[PDB]
Amino acid sequence: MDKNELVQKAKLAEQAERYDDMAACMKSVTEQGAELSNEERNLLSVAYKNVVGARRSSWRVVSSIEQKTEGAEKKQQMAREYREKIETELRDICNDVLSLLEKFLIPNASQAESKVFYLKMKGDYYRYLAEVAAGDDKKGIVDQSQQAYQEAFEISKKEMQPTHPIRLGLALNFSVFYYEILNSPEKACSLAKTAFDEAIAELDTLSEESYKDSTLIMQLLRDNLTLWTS
Amino acid sequence: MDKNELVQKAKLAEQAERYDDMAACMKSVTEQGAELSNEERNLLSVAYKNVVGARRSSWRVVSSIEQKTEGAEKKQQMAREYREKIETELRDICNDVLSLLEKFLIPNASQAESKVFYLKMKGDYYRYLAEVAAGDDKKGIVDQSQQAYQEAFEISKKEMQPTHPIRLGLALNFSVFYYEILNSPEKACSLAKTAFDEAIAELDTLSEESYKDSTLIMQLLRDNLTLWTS
Amino acid sequence: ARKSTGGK
Amino acid sequence: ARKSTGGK
């Protein structure tokens, strides 16, 4: 199979809700070396988001049965071994994505939009490992996550409007990173309240093909605010 | 791992919504030879239900894009190949289950309840192949589906109350078999109106451990009736 | 759509 | 629960 068929095969997989399938497809596309199109770059983002999401789900659930079974020795051993199992899978999936971003996506971003998007992806995927690390390793990969987000946050502010969906998105997550990982609520609030307030102040910069997305992410940001103050 | 651990490992997989894992777990249990307990029997029914269901889902969806892309030659070839891929998958899953019923579950049913259950399962799983067969092969596997259901339907009426959930369940599906496979709406309605009306007539026979299930299936039956007459 | 044991 | 890009 060539590029055009793989994109199509990936678009079917998505309809079929078969994300490991949709995934591998893009993984091939990416490995061929050529820089991804906006369309192509999202199929990859969605595929992996989907693959990784199910594991983080599986994990969260099993993880919080370990706690419940405090006191049930034989049950909790069962959980821990299964947890580790899921935790492994999860970690391969992250390594994949991050190793794809190192070879191909990042060094190839001829454009600010590309760079910010794939740097956010880096930040995101380390973040996912930080949910699940690990002691000793945690500190290192928290930093790796922080610096990717940082670069991207600065490159976004310099090159993109406050109403750009990628810049709004990046904020939402970076915020979450400061909240759940660095355990720093007020920073997290501050950062999200800025991204929101600056986009609210600039509503007329909304290009037609994304006023929905920017809008959504704006609602998402104010939600986090509502919850983190509650 | 021994039996007691596998049951528990399976029960976690179910929590983790990871049905391939839940599945293989029971597949082991069943292969050890001992007759399954009511709890163990259902873990297997649910495991496989979920495993098969995802692929019948992905199938239906892709299958229905083949149609849509009538006229788009290159798109439709892509769908057909992916369809066949899913169809393959689905067929192993059915073989598996059916081959597990042949060695183990059926010959071991020391009790009517077991026999009905596992025979319905047979009827069900061939049905799933009938959705997807095949020309030539269709005829044969439609029949194998029919006769499993038949035996089961007869053994149920002899041994079980109308308000037994397995007897209600069996009717629901056998009905659907008549409707969608044998393409015989009249019989399908008749069969389901009987199962319903006989259970409605006898509401006081509901053991407490199942009045919810019986009840539910009863609603499902009348639903099908509502739809098939509409 | 119809309702079967294998349903939703 | 909080909402990230990766939700839900």
# chains A, B, ... in the order shown; residues from 1 in each chain; ligands from 1
call {"tool": "interface_residues", "arguments": {"of": "chain A", "to": "chain D", "cutoff": "8 Å", "atoms": "only C-alpha atoms", "output": "mmCIF file with N, CA, C and O atoms, in the first residue's frame"}}
result
data_model
loop_
_atom_site.group_PDB
_atom_site.id
_atom_site.type_symbol
_atom_site.label_atom_id
_atom_site.label_comp_id
_atom_site.auth_asym_id
_atom_site.auth_seq_id
_atom_site.Cartn_x
_atom_site.Cartn_y
_atom_site.Cartn_z
ATOM 1 N N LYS A 49 -4.657 9.299 20.131
ATOM 2 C CA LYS A 49 -5.463 9.746 21.232
ATOM 3 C C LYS A 49 -6.361 8.597 21.586
ATOM 4 O O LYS A 49 -6.418 8.181 22.727
ATOM 5 N N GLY A 53 -6.002 6.585 24.969
ATOM 6 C CA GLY A 53 -7.140 6.876 25.824
ATOM 7 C C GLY A 53 -7.748 5.629 26.439
ATOM 8 O O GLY A 53 -8.085 5.631 27.639
ATOM 9 N N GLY A 169 -6.108 24.956 22.579
ATOM 10 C CA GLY A 169 -5.924 23.575 23.011
ATOM 11 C C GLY A 169 -4.708 23.494 23.902
ATOM 12 O O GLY A 169 -4.834 23.174 25.090
ATOM 13 N N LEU A 172 -5.194 24.635 27.342
ATOM 14 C CA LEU A 172 -6.030 23.762 28.135
ATOM 15 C C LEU A 172 -5.198 22.651 28.760
ATOM 16 O O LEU A 172 -5.291 22.428 29.968
ATOM 17 N N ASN A 173 -4.349 21.989 27.971
ATOM 18 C CA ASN A 173 -3.562 20.880 28.495
ATOM 19 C C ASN A 173 -2.428 21.297 29.406
ATOM 20 O O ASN A 173 -2.256 20.717 30.493
ATOM 21 N N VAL A 176 -3.836 21.858 32.614
ATOM 22 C CA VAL A 176 -3.997 20.550 33.241
ATOM 23 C C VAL A 176 -2.667 19.957 33.728
ATOM 24 O O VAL A 176 -2.609 19.416 34.829
ATOM 25 N N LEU A 220 -14.359 24.550 27.401
ATOM 26 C CA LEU A 220 -13.596 23.599 28.178
ATOM 27 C C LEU A 220 -12.707 24.264 29.198
ATOM 28 O O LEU A 220 -12.668 23.847 30.356
ATOM 29 N N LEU A 221 -11.984 25.296 28.769
ATOM 30 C CA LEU A 221 -11.182 26.105 29.694
ATOM 31 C C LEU A 221 -12.010 26.695 30.858
ATOM 32 O O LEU A 221 -11.655 26.523 32.021
ATOM 33 N N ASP A 223 -14.736 25.695 32.035
ATOM 34 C CA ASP A 223 -15.197 24.579 32.846
ATOM 35 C C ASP A 223 -14.155 24.255 33.913
ATOM 36 O O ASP A 223 -14.449 24.326 35.117
ATOM 37 N N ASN A 224 -12.937 23.919 33.472
ATOM 38 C CA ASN A 224 -11.834 23.682 34.400
ATOM 39 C C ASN A 224 -11.770 24.765 35.483
ATOM 40 O O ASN A 224 -11.734 24.457 36.678
ATOM 41 N N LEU A 227 -14.488 24.251 37.913
ATOM 42 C CA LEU A 227 -14.215 23.093 38.783
ATOM 43 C C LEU A 227 -13.079 23.339 39.758
ATOM 44 O O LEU A 227 -13.183 22.957 40.916
#
call {"tool": "closest_atom_pairs", "arguments": {"of": "chain B", "to": "chain A", "cutoff": "9 Å", "atoms": "only C-alpha atoms", "output": "JSON lines"}}
result
{"residue": "B:5", "atom": "CA", "partner": "A:78", "partner_atom": "CA", "distance": 7.8}
{"residue": "B:8", "atom": "CA", "partner": "A:78", "partner_atom": "CA", "distance": 7.7}
{"residue": "B:9", "atom": "CA", "partner": "A:78", "partner_atom": "CA", "distance": 6.8}
{"residue": "B:12", "atom": "CA", "partner": "A:62", "partner_atom": "CA", "distance": 7.2}
{"residue": "B:13", "atom": "CA", "partner": "A:58", "partner_atom": "CA", "distance": 8.4}
{"residue": "B:15", "atom": "CA", "partner": "A:61", "partner_atom": "CA", "distance": 7.1}
{"residue": "B:16", "atom": "CA", "partner": "A:58", "partner_atom": "CA", "distance": 4.4}
{"residue": "B:17", "atom": "CA", "partner": "A:58", "partner_atom": "CA", "distance": 6.6}
{"residue": "B:18", "atom": "CA", "partner": "A:58", "partner_atom": "CA", "distance": 7.4}
{"residue": "B:54", "atom": "CA", "partner": "A:17", "partner_atom": "CA", "distance": 8.6}
{"residue": "B:55", "atom": "CA", "partner": "A:16", "partner_atom": "CA", "distance": 8.7}
{"residue": "B:57", "atom": "CA", "partner": "A:16", "partner_atom": "CA", "distance": 7.5}
{"residue": "B:58", "atom": "CA", "partner": "A:16", "partner_atom": "CA", "distance": 4.4}
{"residue": "B:59", "atom": "CA", "partner": "A:16", "partner_atom": "CA", "distance": 7.4}
{"residue": "B:60", "atom": "CA", "partner": "A:16", "partner_atom": "CA", "distance": 8.6}
{"residue": "B:61", "atom": "CA", "partner": "A:16", "partner_atom": "CA", "distance": 6.1}
{"residue": "B:62", "atom": "CA", "partner": "A:16", "partner_atom": "CA", "distance": 6.3}
{"residue": "B:65", "atom": "CA", "partner": "A:12", "partner_atom": "CA", "distance": 8.8}
{"residue": "B:75", "atom": "CA", "partner": "A:8", "partner_atom": "CA", "distance": 7.9}
{"residue": "B:78", "atom": "CA", "partner": "A:9", "partner_atom": "CA", "distance": 6.9}
{"residue": "B:79", "atom": "CA", "partner": "A:12", "partner_atom": "CA", "distance": 7.5}
{"residue": "B:82", "atom": "CA", "partner": "A:9", "partner_atom": "CA", "distance": 7.8}
call {"tool": "atom_distance", "arguments": {"atom1": "atom CA of residue 144 of chain A", "atom2": "atom CA of residue 183 of chain A"}}
result
16.2 Å
call {"tool": "select_by_dssp", "arguments": {"residues": "segment 38-185 of chain A", "states": "alpha helix (DSSP H)", "output": "compact mmCIF listing (two decimals) with N, CA and C atoms, in the first residue's frame"}}
result
# COMPACT_ATOMS: atom_id res chain seq x y z
N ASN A 38 -2.38 18.87 6.97
CA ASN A 38 -3.29 19.13 8.09
C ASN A 38 -4.25 17.94 8.36
N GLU A 39 -4.87 17.43 7.29
CA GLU A 39 -5.76 16.27 7.32
C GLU A 39 -5.02 15.05 7.90
N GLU A 40 -3.86 14.73 7.32
CA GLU A 40 -3.04 13.59 7.73
C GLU A 40 -2.57 13.67 9.17
N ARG A 41 -2.18 14.87 9.58
CA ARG A 41 -1.67 15.09 10.91
C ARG A 41 -2.75 14.85 11.96
N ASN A 42 -4.01 15.07 11.61
CA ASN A 42 -5.09 14.82 12.55
C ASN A 42 -5.50 13.38 12.67
N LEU A 43 -5.59 12.70 11.54
CA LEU A 43 -5.81 11.27 11.57
C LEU A 43 -4.84 10.60 12.54
N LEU A 44 -3.60 11.07 12.58
CA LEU A 44 -2.60 10.52 13.50
C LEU A 44 -2.92 10.90 14.92
N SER A 45 -3.14 12.18 15.14
CA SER A 45 -3.55 12.63 16.45
C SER A 45 -4.77 11.85 16.96
N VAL A 46 -5.79 11.67 16.13
CA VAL A 46 -7.01 11.03 16.62
C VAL A 46 -6.80 9.56 16.92
N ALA A 47 -6.11 8.87 16.01
CA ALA A 47 -5.79 7.47 16.16
C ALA A 47 -5.13 7.22 17.48
N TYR A 48 -4.13 8.02 17.78
CA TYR A 48 -3.33 7.71 18.94
C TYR A 48 -4.02 8.12 20.19
N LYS A 49 -4.66 9.30 20.13
CA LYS A 49 -5.46 9.75 21.23
C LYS A 49 -6.36 8.60 21.59
N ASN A 50 -7.00 8.02 20.59
CA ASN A 50 -7.90 6.91 20.84
C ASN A 50 -7.30 5.65 21.39
N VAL A 51 -6.15 5.24 20.82
CA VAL A 51 -5.43 4.09 21.31
C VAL A 51 -5.06 4.32 22.77
N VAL A 52 -4.38 5.44 23.03
CA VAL A 52 -3.83 5.69 24.36
C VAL A 52 -4.95 5.89 25.38
N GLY A 53 -6.00 6.59 24.97
CA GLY A 53 -7.14 6.88 25.82
C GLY A 53 -7.75 5.63 26.44
N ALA A 54 -7.89 4.56 25.64
CA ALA A 54 -8.53 3.38 26.20
C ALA A 54 -7.68 2.78 27.31
N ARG A 55 -6.35 2.73 27.11
CA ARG A 55 -5.41 2.25 28.14
C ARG A 55 -5.44 3.12 29.42
N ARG A 56 -5.32 4.43 29.27
CA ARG A 56 -5.46 5.31 30.44
C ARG A 56 -6.79 5.11 31.15
N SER A 57 -7.83 4.83 30.39
CA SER A 57 -9.08 4.43 30.99
C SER A 57 -8.92 3.11 31.77
N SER A 58 -8.85 1.97 31.09
CA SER A 58 -8.41 0.69 31.70
C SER A 58 -7.52 0.87 32.97
N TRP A 59 -6.41 1.61 32.84
CA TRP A 59 -5.54 1.91 33.97
C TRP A 59 -6.23 2.58 35.14
N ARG A 60 -6.85 3.72 34.88
CA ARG A 60 -7.48 4.47 35.96
C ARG A 60 -8.39 3.55 36.77
N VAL A 61 -9.21 2.77 36.07
CA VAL A 61 -10.16 1.85 36.67
C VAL A 61 -9.48 0.78 37.51
N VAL A 62 -8.56 0.04 36.91
CA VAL A 62 -7.83 -1.00 37.65
C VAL A 62 -7.06 -0.40 38.81
N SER A 63 -6.29 0.64 38.51
CA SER A 63 -5.57 1.36 39.55
C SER A 63 -6.44 1.63 40.76
N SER A 64 -7.69 2.06 40.57
CA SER A 64 -8.54 2.40 41.72
C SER A 64 -9.37 1.23 42.23
N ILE A 65 -8.97 0.02 41.83
CA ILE A 65 -9.48 -1.17 42.47
C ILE A 65 -8.38 -1.69 43.40
N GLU A 66 -7.12 -1.45 43.04
CA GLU A 66 -6.01 -1.68 43.96
C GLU A 66 -6.26 -1.04 45.33
N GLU A 73 -5.89 -9.12 50.47
CA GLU A 73 -4.53 -9.36 50.03
C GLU A 73 -4.45 -10.03 48.66
N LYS A 74 -5.25 -11.07 48.47
CA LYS A 74 -5.17 -11.89 47.26
C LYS A 74 -5.80 -11.19 46.08
N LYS A 75 -6.87 -10.44 46.33
CA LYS A 75 -7.50 -9.62 45.30
C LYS A 75 -6.57 -8.51 44.83
N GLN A 76 -5.92 -7.83 45.77
CA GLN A 76 -5.10 -6.68 45.43
C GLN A 76 -3.84 -7.08 44.69
N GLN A 77 -3.32 -8.28 44.93
CA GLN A 77 -2.16 -8.75 44.14
C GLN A 77 -2.56 -8.89 42.67
N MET A 78 -3.79 -9.36 42.47
CA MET A 78 -4.38 -9.56 41.15
C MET A 78 -4.45 -8.26 40.39
N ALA A 79 -5.00 -7.25 41.06
CA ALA A 79 -5.09 -5.91 40.52
C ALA A 79 -3.70 -5.38 40.12
N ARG A 80 -2.76 -5.38 41.06
CA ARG A 80 -1.42 -4.85 40.81
C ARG A 80 -0.75 -5.46 39.58
N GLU A 81 -0.85 -6.78 39.42
CA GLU A 81 -0.27 -7.45 38.26
C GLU A 81 -0.94 -7.06 36.96
N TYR A 82 -2.28 -6.96 36.99
CA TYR A 82 -3.05 -6.48 35.84
C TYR A 82 -2.69 -5.01 35.58
N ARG A 83 -2.64 -4.20 36.64
CA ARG A 83 -2.29 -2.78 36.49
C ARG A 83 -1.00 -2.65 35.72
N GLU A 84 0.07 -3.25 36.25
CA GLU A 84 1.36 -3.31 35.56
C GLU A 84 1.23 -3.69 34.10
N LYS A 85 0.42 -4.71 33.81
CA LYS A 85 0.20 -5.15 32.44
C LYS A 85 -0.26 -3.98 31.57
N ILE A 86 -1.38 -3.35 31.97
CA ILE A 86 -1.93 -2.17 31.30
C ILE A 86 -0.88 -1.06 31.22
N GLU A 87 -0.21 -0.81 32.34
CA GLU A 87 0.82 0.19 32.45
C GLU A 87 1.94 -0.04 31.44
N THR A 88 2.34 -1.29 31.28
CA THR A 88 3.25 -1.60 30.20
C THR A 88 2.60 -1.09 28.92
N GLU A 89 1.50 -1.72 28.47
CA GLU A 89 0.98 -1.44 27.14
C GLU A 89 1.11 0.05 26.91
N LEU A 90 0.37 0.81 27.74
CA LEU A 90 0.39 2.27 27.79
C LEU A 90 1.73 2.92 27.48
N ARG A 91 2.81 2.32 27.99
CA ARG A 91 4.13 2.87 27.91
C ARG A 91 4.74 2.65 26.54
N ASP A 92 4.51 1.47 25.96
CA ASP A 92 4.90 1.22 24.57
C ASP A 92 4.20 2.26 23.70
N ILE A 93 2.88 2.33 23.78
CA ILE A 93 2.13 3.31 23.01
C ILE A 93 2.74 4.72 23.10
N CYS A 94 3.05 5.20 24.30
CA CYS A 94 3.72 6.51 24.43
C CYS A 94 5.09 6.56 23.71
N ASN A 95 5.93 5.58 23.97
CA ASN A 95 7.24 5.51 23.31
C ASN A 95 7.20 5.59 21.76
N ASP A 96 6.44 4.69 21.13
CA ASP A 96 5.89 4.88 19.76
C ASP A 96 5.73 6.36 19.32
N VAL A 97 4.69 6.99 19.85
CA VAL A 97 4.33 8.37 19.52
C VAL A 97 5.51 9.31 19.71
N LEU A 98 6.14 9.24 20.88
CA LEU A 98 7.25 10.13 21.16
C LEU A 98 8.44 9.83 20.22
N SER A 99 8.64 8.55 19.90
CA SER A 99 9.69 8.19 18.97
C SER A 99 9.35 8.56 17.54
N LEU A 100 8.06 8.68 17.25
CA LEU A 100 7.64 9.17 15.95
C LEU A 100 7.85 10.66 15.85
N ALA A 112 5.27 27.09 11.83
CA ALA A 112 4.94 27.31 13.23
C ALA A 112 3.80 26.42 13.71
N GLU A 113 2.74 26.31 12.90
CA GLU A 113 1.54 25.53 13.26
C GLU A 113 1.88 24.06 13.52
N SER A 114 2.52 23.43 12.53
CA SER A 114 3.17 22.13 12.72
C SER A 114 3.97 22.05 14.03
N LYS A 115 4.95 22.94 14.20
CA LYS A 115 5.87 22.88 15.34
C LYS A 115 5.05 22.86 16.65
N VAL A 116 4.23 23.89 16.86
CA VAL A 116 3.35 23.97 18.05
C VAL A 116 2.50 22.71 18.25
N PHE A 117 1.79 22.30 17.20
CA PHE A 117 1.00 21.09 17.28
C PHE A 117 1.82 19.88 17.72
N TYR A 118 2.93 19.58 17.06
CA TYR A 118 3.67 18.38 17.43
C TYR A 118 4.42 18.52 18.74
N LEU A 119 4.72 19.75 19.14
CA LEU A 119 5.36 19.94 20.44
C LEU A 119 4.36 19.73 21.57
N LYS A 120 3.13 20.18 21.34
CA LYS A 120 2.06 19.91 22.27
C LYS A 120 1.91 18.39 22.39
N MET A 121 1.88 17.71 21.25
CA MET A 121 1.80 16.28 21.28
C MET A 121 2.90 15.67 22.17
N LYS A 122 4.11 16.19 22.07
CA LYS A 122 5.22 15.69 22.90
C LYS A 122 4.84 15.90 24.36
N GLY A 123 4.45 17.12 24.68
CA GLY A 123 4.12 17.46 26.05
C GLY A 123 3.05 16.53 26.55
N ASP A 124 2.01 16.37 25.74
CA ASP A 124 0.89 15.49 26.02
C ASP A 124 1.35 14.08 26.35
N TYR A 125 2.22 13.53 25.52
CA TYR A 125 2.48 12.12 25.66
C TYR A 125 3.39 11.80 26.79
N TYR A 126 4.29 12.72 27.11
CA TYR A 126 5.05 12.56 28.34
C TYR A 126 4.13 12.71 29.53
N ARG A 127 3.19 13.65 29.44
CA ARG A 127 2.23 13.87 30.52
C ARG A 127 1.58 12.56 30.86
N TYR A 128 1.24 11.81 29.82
CA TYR A 128 0.59 10.54 30.00
C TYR A 128 1.44 9.54 30.74
N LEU A 129 2.77 9.60 30.54
CA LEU A 129 3.71 8.77 31.28
C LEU A 129 3.85 9.25 32.72
N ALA A 130 3.70 10.55 32.92
CA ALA A 130 3.78 11.13 34.25
C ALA A 130 2.60 10.73 35.13
N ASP A 137 12.24 8.14 37.76
CA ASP A 137 11.92 8.43 36.34
C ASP A 137 10.93 9.57 36.20
N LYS A 138 10.02 9.67 37.17
CA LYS A 138 8.95 10.68 37.17
C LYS A 138 9.51 12.08 36.94
N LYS A 139 10.44 12.49 37.80
CA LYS A 139 11.06 13.82 37.71
C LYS A 139 11.58 14.15 36.30
N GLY A 140 12.23 13.19 35.65
CA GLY A 140 12.83 13.41 34.33
C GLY A 140 11.77 13.62 33.26
N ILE A 141 10.75 12.77 33.29
CA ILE A 141 9.77 12.81 32.24
C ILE A 141 8.74 13.89 32.51
N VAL A 142 8.61 14.31 33.76
CA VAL A 142 7.83 15.51 34.03
C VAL A 142 8.49 16.71 33.37
N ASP A 143 9.82 16.77 33.45
CA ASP A 143 10.56 17.89 32.86
C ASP A 143 10.45 17.90 31.35
N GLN A 144 10.62 16.72 30.75
CA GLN A 144 10.52 16.52 29.31
C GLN A 144 9.16 17.00 28.85
N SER A 145 8.14 16.63 29.61
CA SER A 145 6.81 17.13 29.34
C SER A 145 6.74 18.63 29.49
N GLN A 146 7.35 19.17 30.54
CA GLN A 146 7.28 20.62 30.77
C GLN A 146 7.93 21.42 29.66
N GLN A 147 9.11 21.00 29.21
CA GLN A 147 9.85 21.81 28.26
C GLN A 147 9.23 21.81 26.87
N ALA A 148 8.70 20.66 26.43
CA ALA A 148 7.94 20.60 25.16
C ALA A 148 6.78 21.58 25.20
N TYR A 149 5.97 21.50 26.25
CA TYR A 149 4.87 22.45 26.46
C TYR A 149 5.35 23.91 26.44
N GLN A 150 6.44 24.20 27.17
CA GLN A 150 7.02 25.54 27.22
C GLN A 150 7.32 26.08 25.82
N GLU A 151 8.15 25.36 25.05
CA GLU A 151 8.55 25.80 23.72
C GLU A 151 7.28 26.16 22.98
N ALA A 152 6.37 25.20 22.95
CA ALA A 152 5.17 25.32 22.19
C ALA A 152 4.28 26.50 22.66
N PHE A 153 4.20 26.71 23.96
CA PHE A 153 3.46 27.84 24.51
C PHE A 153 4.06 29.17 24.04
N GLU A 154 5.39 29.24 24.02
CA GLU A 154 6.05 30.46 23.59
C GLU A 154 5.92 30.65 22.07
N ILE A 155 6.15 29.59 21.28
CA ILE A 155 5.99 29.67 19.82
C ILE A 155 4.52 29.98 19.44
N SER A 156 3.57 29.56 20.27
CA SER A 156 2.14 29.86 20.00
C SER A 156 1.85 31.33 20.21
N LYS A 157 2.28 31.87 21.35
CA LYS A 157 2.08 33.28 21.67
C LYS A 157 2.69 34.19 20.63
N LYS A 158 3.89 33.84 20.15
CA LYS A 158 4.58 34.64 19.14
C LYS A 158 3.86 34.61 17.78
N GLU A 159 3.44 33.43 17.33
CA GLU A 159 2.97 33.27 15.93
C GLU A 159 1.45 33.18 15.71
N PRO A 165 -7.23 27.49 17.55
CA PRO A 165 -7.67 26.31 18.28
C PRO A 165 -6.50 25.54 18.88
N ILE A 166 -5.36 25.54 18.18
CA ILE A 166 -4.18 24.81 18.64
C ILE A 166 -3.60 25.54 19.84
N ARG A 167 -3.58 26.87 19.78
CA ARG A 167 -3.11 27.65 20.91
C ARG A 167 -4.06 27.54 22.11
N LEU A 168 -5.37 27.57 21.85
CA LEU A 168 -6.37 27.34 22.89
C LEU A 168 -6.24 25.94 23.46
N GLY A 169 -6.11 24.96 22.58
CA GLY A 169 -5.92 23.57 23.01
C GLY A 169 -4.71 23.49 23.90
N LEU A 170 -3.54 23.83 23.36
CA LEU A 170 -2.28 23.76 24.14
C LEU A 170 -2.43 24.32 25.56
N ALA A 171 -3.08 25.47 25.68
CA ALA A 171 -3.30 26.07 26.98
C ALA A 171 -4.07 25.11 27.85
N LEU A 172 -5.19 24.64 27.34
CA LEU A 172 -6.03 23.76 28.14
C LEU A 172 -5.20 22.65 28.76
N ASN A 173 -4.35 21.99 27.97
CA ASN A 173 -3.56 20.88 28.50
C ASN A 173 -2.43 21.30 29.41
N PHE A 174 -1.65 22.29 28.97
CA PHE A 174 -0.53 22.81 29.75
C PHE A 174 -1.07 23.16 31.11
N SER A 175 -2.24 23.79 31.12
CA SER A 175 -2.93 24.09 32.35
C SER A 175 -3.11 22.82 33.17
N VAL A 176 -3.84 21.86 32.61
CA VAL A 176 -4.00 20.55 33.24
C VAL A 176 -2.67 19.96 33.73
N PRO A 185 -2.31 24.42 41.45
CA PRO A 185 -3.64 24.87 41.03
C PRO A 185 -3.74 26.33 40.59
call {"tool": "atom_distance", "arguments": {"atom1": "atom CA of residue 180 of chain A", "atom2": "atom CA of residue 225 of chain A"}}
result
13.7 Å
call {"tool": "atom_distance", "arguments": {"atom1": "atom CA of residue 101 of chain B", "atom2": "atom CA of residue 31 of chain B"}}
result
10.3 Å
call {"tool": "decode", "arguments": {"residues": "chain C", "atoms": "N, CA and C atoms", "output": "mmCIF file, in the first residue's frame"}}
result
data_model
loop_
_atom_site.group_PDB
_atom_site.id
_atom_site.type_symbol
_atom_site.label_atom_id
_atom_site.label_comp_id
_atom_site.auth_asym_id
_atom_site.auth_seq_id
_atom_site.Cartn_x
_atom_site.Cartn_y
_atom_site.Cartn_z
ATOM 1 N N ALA C 1 -33.507 -0.097 15.632
ATOM 2 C CA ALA C 1 -33.042 -1.472 15.299
ATOM 3 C C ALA C 1 -33.466 -2.550 16.337
ATOM 4 N N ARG C 2 -33.867 -3.727 15.843
ATOM 5 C CA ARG C 2 -34.171 -4.909 16.678
ATOM 6 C C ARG C 2 -33.161 -5.084 17.828
ATOM 7 N N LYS C 3 -33.529 -5.799 18.928
ATOM 8 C CA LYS C 3 -32.991 -6.166 20.219
ATOM 9 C C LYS C 3 -32.900 -7.662 20.312
ATOM 10 N N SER C 4 -31.607 -7.958 20.512
ATOM 11 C CA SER C 4 -31.160 -9.371 20.760
ATOM 12 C C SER C 4 -30.269 -9.398 21.975
ATOM 13 N N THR C 5 -30.306 -10.489 22.724
ATOM 14 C CA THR C 5 -29.290 -10.822 23.728
ATOM 15 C C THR C 5 -27.914 -10.200 23.478
ATOM 16 N N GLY C 6 -27.369 -10.354 22.257
ATOM 17 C CA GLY C 6 -26.111 -9.685 21.845
ATOM 18 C C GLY C 6 -26.178 -8.156 21.778
ATOM 19 N N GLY C 7 -27.352 -7.613 22.075
ATOM 20 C CA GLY C 7 -27.624 -6.180 22.103
ATOM 21 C C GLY C 7 -27.102 -5.351 23.261
ATOM 22 N N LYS C 8 -27.189 -4.074 22.924
ATOM 23 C CA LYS C 8 -26.208 -3.007 22.942
ATOM 24 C C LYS C 8 -24.954 -3.007 23.780
#
